[PDB]
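Step one of this worksheet: look at the structure below.
Every residue, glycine as well, gets a Cβ built from its backbone with ideal geometry; the counts of neighbours run over all protein chains shown. None of the figures in this text is laboratory data; all of them are computed from the coordinates on show.
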Number of protein chains: 2
Amino acid sequence: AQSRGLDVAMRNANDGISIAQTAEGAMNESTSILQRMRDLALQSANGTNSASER
Amino acid sequence: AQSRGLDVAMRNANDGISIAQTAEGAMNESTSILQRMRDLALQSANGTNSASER
């Protein structure tokens, strides 16, 4: 019984690592988007931008 | 007469071991069923199961 429980525990831990991996990948995409947005803001901060390109 | 009684006692004891064997086999099946149910519960105790899997 304990060995079967251990196998089930390994499967549960693998599911946990998989869901963590999926979350990590989503966060990677989000971080890339955030960095792009930060660069956009920094570019907008330049004085010579009139209003339209802003 | 004692010899006849001894034969009767041997037959009765053998019937008893037969009953014990049948009960033991059925209870072995029951133990297997309980082990499978325990595995099912441990699997369900995950967090990555939403609702349908449960």
message: Given the options A:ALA23, A:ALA1, name the one that is surrounded by 10 or more Cβ atoms within 10 Å (Cβ to Cβ), of a type in the set (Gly, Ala, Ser) and under 30 Å from B:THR31 (Cα atoms).
response: A:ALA1
message: Looking at A:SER52, A:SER44 in this structure, which one is loosely packed, with under 10 Cβ neighbours inside 10 Å and among the small types (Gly, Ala, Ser)?
response: A:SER52
task: From the list A:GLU53, A:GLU24, pick out the single residue that is more than 21 Å from the chain's Cα centre (by Cα) and away from chain B (no Cβ under 14 Å).
output: A:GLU53
- request: Enumerate the pairs (first residue in the stretch A:6-18 and at the interface with chain B (Cβ under 8 Å from one of its Cβ atoms); second residue anywhere and not hydrophobic (A, V, I, L, M, F, W, C)) with beta-carbon separation below 6 Å, excluding pairs fewer than 6 apart on the same chain, so at least 6 apart or on different chains.
  value: A:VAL8/B:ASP39; A:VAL8/B:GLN43; A:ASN12/B:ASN46; A:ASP15/B:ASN46; A:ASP15/B:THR48
task: Check A:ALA20, A:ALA51 and return the single one that is of a type outside the set (S, T, N, Q), out of contact with any strand residue (DSSP E or B) (no Cβ under 7 Å at 6 or more places or on another chain) and assigned to a helix (DSSP H, G or I).
output: A:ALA20
field: Boolean, B:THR22 is closer than 15 Å to A:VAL8 by Cα and β-branched (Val, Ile, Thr)
entry: no
